[PDB]
């Protein structure tokens, strides 16, 4: 049975992805940073259906002198628990404003680290430790071509992640490792956001006036790691219900 690492897999989209891949035979590594309780409950729920089919792994993905080693360990964790690592899902991601006009480098460290630099180090480590079906799926953002005002640093990071998806896809093709991305448009809203506001956002979606559910995002991810996407590498699969096509 193939093993999969899911960053930020304790809740929301990452959680849904960890469950989908597990439902498909995958022995899923549930990485987290602050959501220990949720990660613990997930690993228990999964291992309940299948003994030793899940383990958790804690690690801060923000930029720092320890990041590199942490990423090596996150990957090494999959090998200790399952003796292999077939899939890596870079889902973990910080998201908040960094307005240009009125601490910053701490925001830079967290935004750039989780969205771009960690995935890089993780992909790198994942590759050097490697037939079967090896692949990486990066979680992008279909709306970054339309930069949300005040989110410059996050936007930059996601663009860097996009560049990493293509650079790694080409460089790793010879190693039989596919590298793709799933770019949601509007998906799980912030739980604290007022319903009125959530509704205003849902109505903007051309297809169904609704955000993508975590399961619909996981549908796309399951496909890219499946055999049905065996010739697919370097592609970013948009799942936005046509949101990016609408004009202001």
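Numbering follows the first chain given and starts at 1.
The modelled chain breaks between residue 130 and residue 131, where 4 to 9 residues of the deposited sequence lack coordinates. Unmodelled residues of the deposited sequence between neighbouring positions residue 102 and residue 103 number 10 or more. Averaged over their C-alpha atoms, the temperature factors of 202-210 and 22-30 are higher for 22-30. Two stretches are in play, 158-166 and 135-143, and the higher mean C-alpha B-factor belongs to 135-143. When the Cα B-factors of 215, 193, 182, 67 are read from the PDB record, 193 comes out highest. Looking at 188, 63, 220, 51, the one whose CA carries the top B-factor in the deposited record is 51.
Ranked by Cα temperature factor within the chain, residue 93 sits in the lowest third according to the deposited record. Sort the chain's modelled residues by C-alpha temperature factor and residue 76 lands in the highest third, per the entry. Sort the modelled residues of the chain by CA B factor and residue 227 lands in the highest third. In the deposited entry, the Cα temperature factor of residue 85 sits in the top third of values across the chain's modelled residues.
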